[PDB]
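Below you will find one chain, with nothing else, as structure tokens; this is the form deposited in one PDB entry, and questions on how it binds or moves follow later.
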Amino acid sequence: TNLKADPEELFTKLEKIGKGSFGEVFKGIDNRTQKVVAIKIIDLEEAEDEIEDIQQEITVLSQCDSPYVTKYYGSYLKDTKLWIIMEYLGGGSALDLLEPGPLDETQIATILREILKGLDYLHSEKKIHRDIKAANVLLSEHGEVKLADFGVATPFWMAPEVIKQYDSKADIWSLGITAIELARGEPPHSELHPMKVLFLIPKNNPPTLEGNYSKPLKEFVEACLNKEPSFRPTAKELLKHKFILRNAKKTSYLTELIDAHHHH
């Protein structure tokens, strides 16, 4: 973390793009390159007991070099504020893109395929994302799909073994939930109080994808959502799952989904 440079000279802060973990996030401009960046600003006075988790996510992101993981550019300390600079992805989150209407299975498969490419990278690197969900999947304006908002090392996407206090297979369960979310708009139990979901996930049979979806998609979900982690496939194996192979297409096609969200 750069303690000497002034981030307010280096970056032009623009509009908020939502509330993130531990701080507010803004669209911004790198004044030297004119590239758009995402800027998270954390008040270290207000968020004292969480600084350890902040440095941990900074460390993890700095160790990632993948087309499928949002790029980290650095961080700056100015007075009491920590500025964290990331790649700006103009397509929004996958969750955002659900809003105009349902995804088709080509769009679902393409997004899941790219998520799997990111999980394959992280797991090969002995990393766990820990918070796979549609809101943490970001798209570039060209349709590229990247992971963001790693979980710290809300219950709806959590694997049962995580709740009961796991390895990379936890990400595979969360991917199954995310698959349901991309198909249906929300994860299982989304109508229920989170404290109820905390005991339902360990006690109940795993969720299934309900509705008029293709059997390969239902089987993709079922394969991820096995209570037994060792019975879940790896990200590598799921990249060859028939649902992915028969339905995923070029990521550039997702610009149609991005454009639809702007006309909505």
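The first residue of the shown sequence is 1; numbering continues from there. Here the rigid core means the biggest group of C-alpha atoms that line up within 1.5 Å when the two forms are laid on top of each other.
- Compared with other deposited structures of the same protein, residue 41 does not meet the criterion of being unmodelled in at least one third, since all of those that resolve residues on both sides include it.
- The deposited sequence places 10 or more unmodelled residues between residue 153 and residue 154.
- According to the record, 1 to 3 deposited residues between residue 165 and residue 166 are left without atomic coordinates.
- Mean CA temperature factor is higher for 44-52 when stretches 227-235 and 44-52 are set side by side in the entry.
- Remark: stretch with higher mean C-alpha B factor among 55-63 and 216-224 is 55-63.
- Within the group 142, 133, 126, 129, the record's highest C-alpha temperature factor is found at 126.
- Out of 96, 79, 104, 181, it is 79 whose C-alpha atom has the highest B-factor in the PDB entry.
- Among the modelled residues of its chain, residue 240 has a C-alpha B-factor that falls in the middle third, as given in the PDB entry.
- In the deposited entry, the Cα temperature factor of residue 10 places it in the highest third of its chain's modelled residues.
- Remark: residue 116 belongs to the lowest third of its chain, ranked by C-alpha B-factor as recorded.
- When all modelled residues of the chain are sorted by CA temperature factor, residue 31 is found within the middle third.
- The PDB entry assigns residue 208 a C-alpha temperature factor belonging to the middle third of its chain's modelled residues.
The next section is about a form of this same protein that is not shown, the form deposited in another entry.
- Fitting the two forms on the rigid core leaves the C-alpha of residue 21 displaced by at least 2 angstroms between the shown form and the other one.
- Residue 50 shows a C-alpha shift of 2 Å or greater between the shown form and the other one [criterion: core-superposed Cα displacement of 2 Å].
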